[PDB]
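Q: Protein chains in written order, with the deposited numbering: chain D, 1 to 430; chain A, 1 to 436.
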Ligand SMILES: COc1ccc(C[C@@H]2NC(=O)/C=C\C[C@@H]([C@H](C)[C@H]3O[C@@H]3c3ccccc3)OC(=O)[C@H](CC(C)C)OC(=O)C(C)(C)CNC2=O)cc1Cl
Ligand SMILES: Nc1nc2c(ncn2[C@@H]2O[C@H](COP(=O)(O)OP(=O)(O)OP(=O)(O)O)[C@@H](O)[C@H]2O)c(=O)[nH]1
Ligand SMILES: Nc1nc2c(ncn2[C@@H]2O[C@H](COP(=O)(O)OP(=O)(O)O)[C@@H](O)[C@H]2O)c(=O)[nH]1
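Right under this line is the structure:
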């Protein structure tokens, strides 16, 4: 395919995406020194998707990391595989990016959008053709939500043709020090719905819930959850990274997946839930993967899909596997759950098969759905926002920073209309 | 003395063409180094194999066909496959980005910026021809490249050459190997804009080919080399009429005349019988009466539809080896048992037969083995309306709540096109249903 440009925002983005780069780089078998270790061509069939050659025809990841809190550069260059990146895009701010919008959205950051467009165009010059973008960020704080929406709009202006994809992390009361989050989340998704092509709801509420109620870890840190999300988003990327029969692409994924012109929020899931292990593992086999793919406590959104409907479905299986067996159980799952799925698009539950095992697990898969259950998450966020908003709170910060009340009101109008749209498409008929 | 040009569009088309051209080499004894000892190596030809190979003074027998792909992923494979030296210095067509399951992207946006090169290539090839009958295009109803670009190509060709006919080979994509979900919109949007510039089109259903390979070939994992080989065998069998030598059904015009009554009804259905399993050395012997008895079984047709409910127009046939027309007459008498047969009152009936005195060729190291007799009934049934009804159900479902519509509207198509094409296909299925 054509090349992909990766964009990384804020502390959360930098950490999550650095771990993701590590995960796939191990998967594609590339050394920290850029040395080559892979033992087959099937590893480098789609290495050009992300990695670019060096002067020594040494493959280098192509990504950009953005933030304003200048303490992140050393965090980048102190990870295990951190020094992997080109010493040209470690461009950051110098005076902090306190979690206030219109500071990174209007006040500043808008002064460095020239810098970020300069760097992204500079490294897409070496890109023979452009496929799309990978913005990783979270919905809280300026560097993060505000910069992410600003970047999305800017590149949408400059590149109206290609695709625009992003990963969303929604901060939650369960693990959050600050409290100015719901304002950030709603102000973000308002830009996000109307300005991107597809987005992944990598939630924290469901993440914490499952990690504490089954994985039962004492202190969910930026280490554990970083590992979980890096693994899952690697699993999502595999389908493009691998050659598959369901030989899907970003534009193809949009066309196949995107049901409406404003409902492009996915629910990345993973069947074999995995903590920080040492040995190979305790063994898992096919029917276990079948069951745990679509359980109630394995996704990344605190919702039970049996209370809703799927617009579409998608999966990407891993490891040496019986394709006929897989098709048999999938046919049964689409047979024994007739009401579970929408009647608007038959032949929606698509399936693919991959070969390279995950670097640590034998037989796994990667669930990338598109449900009508996401209304629960959006309703949650909007309700907490308006609870913080019915009486003013810190809102003087925003108003004195540049917004007005009308922008907040219209953001809520847009979100509640979106929830109405999801409700409507969730209660269709024949 | 009557040239012929074929053309391949899309991944399915190029793969089928790859699977067919080497069968075509095998049939005449043509080999990537072959020379066919009865020639002068300088245009030594004008026989029925001249229609495809325009052999040069180097005794090469270069073909008349080009391959189309919006992004090089299969056309490269034929460019570096097995018969590499068999094609000109970059006569093929390579793009840079596929339509990605979007009929509109190939019909309005992308192809409308690459089509002129394709037409220039087609015209440049045709100039070396002298007596061209028409084109034989290979496409599928599944993707947006092999469908939108095909319909656009139909329009361009009918603009530049309306006198000449152009037979078609199509695929009615199946859920089993469904590499998208937006196939039905492409299928309706291609059948609607195909009629006015189509003359006779064959659909081979990957549902049917998949069923045949999984059942009667002892293969459980039908890659794009198994179904592809089987379809190549069927296509070679059907076009053998014009291909090898002279008999029934010489020309594409003759295809129309003895097949299509009504220009809105020009999708002939092809049946087959010899489905040799594998390298299985010994099962039993075979009889011509047996294969012609089998060519009526609904399980053995290239498209799933049970014809015991409807009437036939003109049930042609072909045969390989072991001529015995009296046995054929006995076969007609037997099948006259009227348990599952019909014809139409207005026009009398003809079971035209043409014999090829060469035993059928087989893939050397494939999932088949050589046999001695073959037969293929092209029954222009009225039952072919089953496929259109089945696809109409799905198109209607998806258009109920306007799913995916933006992905077509926002690229140069209007909203009314969907509705008018649906109405037009309704008229078409009415036109089939009324005959009787
Ligand atoms: C009702 O009174 C209350 C008071 C406090 C609390 C919890 C209290 N509150 C907050 O400030 C949370 C969001 C308000 C934002 C506001 C809305 C953004 O514009 C800010 C801004 C930033 C920089 C410059 C100018 C403006 O401020 C902050 O995030 C700052 C970060 C900066 C100052 C380092 O502080 C923190 O992040 C803390 C103090 C470490 C986070 N923690 C808390 O325990 C709860 C209640 Cl109910
Ligand atoms: N060769 C081949 N193709 C098949 C088979 N079954 C289905 N297909 C179709 O192969 C098509 C892939 O080629 P296109 O339709 O041109 O795909 P596209 O996205 O328009 O463009 P490309 O992928 O670049 O070709 C899909 O539409 C499938 O439906 C099969 O058995 N063989
Ligand atoms: N660093 C980090 N933060 C996370 C993660 N998951 C959720 N978060 C939340 O994301 C928010 C951090 O926002 P941040 O990008 O730091 O805003 P900034 O201060 O403008 O850079 C906090 O609410 C975190 O709780 C994670 O894996 N890593």
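Using N, Cα and C, we set each Cβ at its ideal position, and we do this for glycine too.
To the nearest angstrom, how far is the alpha carbon of residue 6/A from that of residue 106/A?
A: Here residue 6/A is taken as the residue at index 6 of the second chain, counted from 1. Here residue 106/A is taken as the residue at index 106 of the second chain, counted from 1. Between residue 6/A and residue 106/A, the C-alpha separation is close to 20 angstroms.
Q: Quick test of your reading: residue 353/D and residue 317/D, contact by CB under 8 angstroms. State the CB separation rounded to the nearest angstrom.
A: Counting from one through the first chain, the residue named residue 353/D turns up at place 353. Counting from one through the first chain, the residue named residue 317/D turns up at place 317. Indeed, because the Cβ distance is near 5 angstroms, the residues count as touching under 8 angstroms.
Q: Apart from the five residues on each side of it in sequence, which residues of its chain come closer than 6 angstroms, Cβ to Cβ, to residue 431/A?
A: In the second chain, residue 431/A corresponds to position 431, counting from 1. Closer than 6 angstroms at Cβ, skipping near neighbours: 264.
Q: Going along the chain, which residues put their C-beta within less than 6 angstroms of some heavy atom in ligand 1?
A: Ordered along the chain, the selected set is 98/D, 99/D, 100/D, 177/D, 178/D, 179/D, 180/D, 394/D and 397/D.
Q: Can a CB atom of chain A be found closer than 8 angstroms to the CB of residue 347/D?
A: The residue given as residue 347/D occupies position 347 in the first chain. So yes, residue 347/D belongs to the interface.
Q: Looking at C-beta atoms only, is the number of pairs between the region 334-346 of chain D and the region 358-368 of chain D that lie closer than 8 angstroms three or more?
A: Contact between the region 334-346 of chain D and the region 358-368 of chain D is absent, because fewer than three Cβ pairs lie under 8 angstroms.
Q: Looking only at its own chain, which residues have a Cβ that is under 8 angstroms from the Cβ of residue 172/A, when we skip the five neighbours before and after it?
A: What you label residue 172/A is simply residue 172 of the second chain in a count that begins at 1. Only 141, 187, 203, 204, 205, 206, 207, 303, 387 and 391 meet the Cβ criterion.
Q: For the region 177-220 of chain A, which segments carrying the beta strand (DSSP E) assignment without a break, of at least 3 residues, lie completely within its bounds, in sequence order?
A: DSSP runs (the beta strand (DSSP E)) wholly in the region 177-220 of chain A: 200-203.
Q: Quick check: residue 48/A and residue 64/A, are their CB atoms within less than 8 angstroms of each other?
A: Translated into the one-based positions of the second chain, residue 48/A becomes position 48. Translated into the one-based positions of the second chain, residue 64/A becomes position 64. Cβ distance not < 8 angstroms, so residue 48/A and residue 64/A don't count as in contact.
Q: Would you tell me roughly how many angstroms separate the C-alpha atoms of residue 228/A and residue 17/D, rounded to the nearest one?
A: Position 228 of the second chain, counting from 1, holds the residue named residue 228/A. Position 17 of the first chain, counting from 1, holds the residue named residue 17/D. Spanning the two alpha carbons is a distance of roughly 42 angstroms.
Q: Starting from the beta carbon of residue 101/A, find every residue of chain D whose beta carbon is closer than 9 angstroms, and list them in chain order.
A: Indexing the second chain from 1 puts residue 101/A at position 101. Under the 9 angstroms cutoff, chain D gives 251, 252, 255 and 256.
Q: Provide the residue span of the beta strand (DSSP E) that contains residue 132/D, from first to last.
A: The residue labelled residue 132/D in the question sits at position 132 within the first chain. Residue 132/D -> beta strand (DSSP E) spans 130-136.
Q: Would you list the one or two residues that DSSP bridges to residue 52/D?
A: Residue mapping note: residue 52/D aligns to position 52 of the first chain, counting from 1. Note: residue 52/D sits in a beta bridge opposite 60/D.
Q: At the 8 angstroms Cβ level, is residue 164/D part of the contact set with chain A, yes or no?
A: Here the question's residue 164/D lines up with position 164 in the first chain. Residue 164/D does not count as touching chain A.
Q: When you compare each of 359/D, 203/D and 218/D to residue 279/D by their alpha carbons, which one comes out closest?
A: Against the first chain, residue 279/D aligns to sequence position 279. Answer by Cα proximity: 359/D.
Q: Please decide whether residue 246/D counts as near chain A, where near means a Cβ-Cβ distance under 8 angstroms.
A: For the purposes of this step, residue 246/D is identified with residue 246 of the first chain, where counting begins at 1. Yes, contact with chain A.
Q: Cβ atoms of residue 348/D and residue 341/D: under 8 angstroms apart, would you say?
A: Within the first chain, residue 341/D is the residue found at index 341, counting from 1. Within the first chain, residue 348/D is the residue found at index 348, counting from 1. Taking 8 angstroms as the Cβ cut-off, residue 341/D and residue 348/D qualify as a contacting pair.
Q: Which runs of the alpha helix (DSSP H), 4 residues or longer, sit entirely within the region 398-433 of chain A?
A: Within the region 398-433 of chain A, the complete alpha helix (DSSP H) runs of at least 4 residues are 406-409.
Q: Tell me which same chain residues have a C-beta within less than 7 angstroms of the C-beta of residue 147/D, skipping the five on either side of it?
A: As a working note, residue 147/D is residue 147 in the first chain. Around residue 147/D: 9, 66, 104 and 109.
Q: Does ligand 3 have even one heavy atom less than 7 angstroms from the beta-carbon of residue 346/D?
A: Here residue 346/D refers to the residue found at position 346 of the first chain. No, ligand 3 has no heavy atom inside 7 angstroms of this Cβ.
Q: Confirm the yes/no value for this check: CB of residue 12/D, any heavy atom of ligand 3, distance under 7 angstroms.
A: Residue numbering aside, residue 12/D sits at position 12 when the first chain is read from its first letter. It does: the Cβ of residue 12/D is within 7 angstroms (strictly closer) of some heavy atom of ligand 3.
Q: What are the boundary residues of the alpha helix (DSSP H) that includes residue 126/A?
A: Walking along the second chain from the start, residue 126/A turns up at place 126. Residues 115-127.
Q: Return yes when at least one heavy atom of ligand 3 lies under 7 angstroms from the C-beta of residue 436/D, else no.
A: Chain D is shown only over 1 to 430; residue 436/D falls outside these bounds and no answer can be derived.
Q: Quick one: give me the first and last residue of the alpha helix (DSSP H) that residue 355/A is part of.
A: The residue you call residue 355/A lines up with position 355 of the second chain. Note, residue 355/A: premise wrong, no alpha helix (DSSP H); beta strand (DSSP E) at 353-356.
Q: Tell me, please, whether the CB atom of residue 97/A is closer than 8 angstroms to any CB atom in chain D?
A: The residue given as residue 97/A occupies position 97 in the second chain. Yes, because at least one Cβ of chain D sits closer than 8 angstroms to the Cβ of residue 97/A.
Q: Would you say the beta carbon of residue 172/A comes nearer than 7 angstroms to a heavy atom of ligand 2?
A: On the second chain, position 172 is the one that residue 172/A refers to. Outside the cutoff, so no.
Q: Just by C-beta distance, which residues in the region 122-152 of chain D are closer than 8 angstroms to chain A?
A: The residues in question are 129.
Q: Under a three-way DSSP split, which group does residue 3/D fall into?
A: Position 3 of the first chain, counted from the start, is the residue given in the question as residue 3/D. Correct three-state label for residue 3/D: strand.
Q: Apart from the five residues just before and just after residue 14/A, which ones in its own chain have a Cβ nearer than 7 angstroms to its Cβ?
A: As a first step, residue 14/A is located in the second chain; it is residue number 14 there, counting from the start. For residue 14/A, where only same-chain residues beyond five positions count, the Cβ hits under 7 angstroms are 8, 67, 69, 74, 75 and 78.
Q: In whole angstroms, what is the alpha-carbon distance linking residue 336/A and residue 379/A?
A: Along the second chain, one-based indexing puts residue 336/A at 336. Along the second chain, one-based indexing puts residue 379/A at 379. Whole-angstrom Cα-Cα distance: 15 angstroms.
Q: Could you tell me which whole beta strand (DSSP E) segments of length 3 or greater appear in the region 52-126 of chain A?
A: Segments of the beta strand (DSSP E) lying fully in the region 52-126 of chain A: 65-68.
Q: Cβ closer than 9 angstroms: which chain D residues qualify as neighbours of residue 220/A?
A: Residue 220/A sits at position 220 when you count from the first residue of the second chain. Chain D residues near residue 220/A: 323 and 324.
Q: Tell me whether residue 378/A sits in a helix, a strand or coil according to DSSP, three-state version.
A: Counted from its first residue, the second chain places residue 378/A at position 378. Strand at residue 378/A.
Q: Tell me, to the nearest whole angstrom, how far the beta carbon of residue 224/A is from that of residue 174/A; I am working on the premise that it is less than 8 angstroms.
A: Position 224 of the second chain, counting from 1, holds the residue named residue 224/A. Position 174 of the second chain, counting from 1, holds the residue named residue 174/A. Actually they do not touch by this definition, with Cβ atoms about 13 angstroms apart.
Q: Any beta carbon from chain A within less than 8 angstroms of residue 261/D's own beta carbon?
A: Taking the first chain and counting its residues from 1, the one referred to as residue 261/D is at position 261. Yes - at least one Cβ of chain A is within 8 angstroms of the one on residue 261/D.
Q: Specify whether the region 87-101 of chain D and the region 133-152 of chain D touch according to this definition: at least 3 beta carbon pairs, one from each stretch, less than 8 angstroms apart.
A: Result yes; three or more Cβ-Cβ pairs closer than 8 angstroms.
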